[PDB]
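Number of protein chains: 2
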Amino acid sequence: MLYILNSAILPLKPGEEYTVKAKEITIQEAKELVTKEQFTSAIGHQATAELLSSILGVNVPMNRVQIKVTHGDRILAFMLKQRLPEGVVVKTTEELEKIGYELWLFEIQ
Amino acid sequence: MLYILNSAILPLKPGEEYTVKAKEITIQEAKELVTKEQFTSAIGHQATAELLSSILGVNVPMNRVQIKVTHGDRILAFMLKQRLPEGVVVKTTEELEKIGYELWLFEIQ
């Protein structure tokens with residue numbers, strides 16, 4: 172399964188050791204990824220869901236659930252370029268854009 | 172550098188593709204790790220710093236800073252077993268223990 176996550180987290184299923192491939196990708200590559208297979212959003216902030224929906228051209232719901240990844244899964248991760256103060260949630264796509272972000276693809280094996 | 176992080180985040184330096192090895196470890200293995208080489212804490216919640224200091228027997232400061240990892244670095248990650256509501260910070264080691272956690276070692280190459 173391809174998961175879309177709102178941070179660069181690697182929520183691995185216990186019981187196994189893993190090798191993870193990681194690379195940064197463009198918006199267009201990310202768009203192609205989420206267009207050509209089923210994805211599961213675990214995006215947990217409204218503004219992040221709104222921004223990802225816009226840049227990817229698909230419905231990225233705000234779905235604040237715990238997911239675990241295991242062998243064969245992939246993660247599209249939205250990685251904000253700064254660390255936020257404790258408890259702070261960025262409420263606008265405008266602020267997310269000014270802070271800046273990277274899109275990463277993690278492939279779990 | 173060995174970093175101690177308060178979530179299972181993989182804050183990779185852009186400009187390169189990576190292979191990351193990941194496995195769960197015991198408290199004793201984690202203790203040995205942080206005892207035998209220099210570490211840099213980026214723990215960003217008081218209760219998590221207090222808990223890690225206790226279980227590892229070393230000073231794990233609360234140091235809420237952005238760090239990036241690259242080839243040759245390792246991460247000791249504290250991974251809480253549940254996802255928290257938006258903006259919520261767990262304020263007691265007692266609650267962290269009841270939720271439960273895993274310690275993961277990520278080796279970045």
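Protein chains in written order, with the working numbering: chain A, 172 to 280; chain B, 172 to 280.
By construction, the Cβ of each residue, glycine as well, lies at the ideal position given by its N, Cα and C atoms.
Cβ separation of residue i and residue j, assumed to be a contact under 8 Å, to the nearest whole Å
i                      : j                      : result
residue 231 of chain A : residue 223 of chain A : 4 Å
residue 273 of chain A : residue 195 of chain A : 5 Å
residue 248 of chain A : residue 176 of chain A : 5 Å
residue 113 of chain B : residue 265 of chain B : Outside the shown range of chain B (172 to 280) lies residue 113 of chain B, about which nothing can therefore be said.
Spatially closest choice to residue i from the options, by CA coordinates
i                      : options                       : result
residue 257 of chain A : B/233, B/188, B/193 and B/196 : B/233
residue 229 of chain A : A/208, A/246, A/215 and A/271 : A/208
residue 243 of chain B : B/187, B/177, B/270 and B/179 : B/187
residue 189 of chain A : A/245, A/198, A/263 and A/271 : A/245
residue 252 of chain A : A/206, A/172 and A/178        : A/178
residue 271 of chain A : A/214, A/210 and A/263        : A/263
residue 210 of chain A : A/185, A/216 and A/238        : A/238
residue 201 of chain B : B/254, B/280 and B/225        : B/225
residue 255 of chain A : B/185, B/216 and B/206        : B/216
residue 185 of chain A : B/205, B/280 and B/250        : B/250
Rounded C-alpha distance that separates residue i from residue j
i                      : j                      : result
residue 241 of chain A : residue 227 of chain A : 24 Å
residue 218 of chain A : residue 183 of chain A : 26 Å
residue 197 of chain B : residue 221 of chain B : 18 Å
residue 181 of chain A : residue 181 of chain B : 7 Å
residue 199 of chain A : residue 275 of chain A : 12 Å
residue 268 of chain B : residue 213 of chain B : 20 Å
residue 205 of chain B : residue 280 of chain B : 20 Å
residue 261 of chain B : residue 261 of chain A : 20 Å
residue 259 of chain B : residue 259 of chain A : 9 Å
DSSP beta-bridge partners of residue i
i                      : result
residue 268 of chain B : Paired residues: none, contrary to the question.
residue 191 of chain A : A/279 and B/191
residue 220 of chain A : None, per the DSSP bridge assignment.
residue 240 of chain A : A/183
residue 273 of chain A : A/250
residue 245 of chain B : B/173 and B/278
residue 225 of chain B : Bridge partners of residue 225 of chain B: none, in fact.
residue 211 of chain B : B/174
residue 196 of chain B : B/274
What residues in the segment 210-221 of chain A bring their beta carbon closer than 8 Å to a beta carbon of chain B? Flagged, chain order: 215 and 216.
Could you run through the segment 242-272 of chain A and flag, in chain order, every residue whose CB is less than 7 Å away from some CB of chain B? 253, 254, 257, 258 and 260
Under 9 Å (Cβ pairs) to chain B, residues found in the segment 224-242 of chain A: 235, 236, 237 and 238
For the segment 179-196 of chain B, which residues have a CB atom closer than 7 Å to at least one CB atom of chain A, in sequence order? 179, 180, 181, 182, 183, 185, 188, 189, 190, 191, 192, 193, 194 and 195
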